[PDB]
């Protein structure tokens with residue numbers, strides 16, 4: 001939807017921005033790896049890897065930073081980066097609670 005700068009109201013639950021979303025990652029990739037690489041940009045509040053019912057990496061991975069500027073930088077770099085011979089894409093975890 002649009003974004004009205006002038007004045008702010010409550011329409012949809014608080015949205016998250018700091019969080020980051022990374023898709024297209026090689027199963028080989030491991031948390032630690034992404035962790036060390038994440039802390040390279042800023043403070044890593046928390047890191048989680050979307051696994052399957054069997055515990056297999058679905059390729060998706062979520063990240064949590066302390067500030068906003070930090071995450072942004074990591075997104076500008078990680079966005080379209082090669083990892084273990086695999087081009088991974090990044091995206092600011094904005095979409096979450098499906099309103100309707």
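FYI, residue positions are counted from 1 along the chain as it appears here.
Quick check of the header: solution NMR.
Cβ coordinates come from backbone N, Cα and C, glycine included.
What the PDB entry lists as cloning artifact is 1-7, 95-100.
Look at Swiss-Prot and you will find 12, 69 tagged as phosphoserine, backed by a large-scale study or a structure entry.
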Cβ neighbours of residue 69 (phosphoserine) where a neighbour is any other Cβ within 10 Å: 11
Within the cloning artifact (95-100), residues counted as helix, strand or coil by DSSP: 0 helix, 0 strand, 6 coil
Composition by DSSP (helix, strand, coil) of residues within the cloning artifact (1-7): 0 helix, 0 strand, 7 coil
Surrounding CB atoms that lie within 10 Å of the CB of residue 12 (phosphoserine), all protein chains: 10
Cα separation, residue 12 (phosphoserine) to residue 69 (phosphoserine) (Å, whole number): 24
For residue 12 (phosphoserine): DSSP state (helix, strand, coil): coil
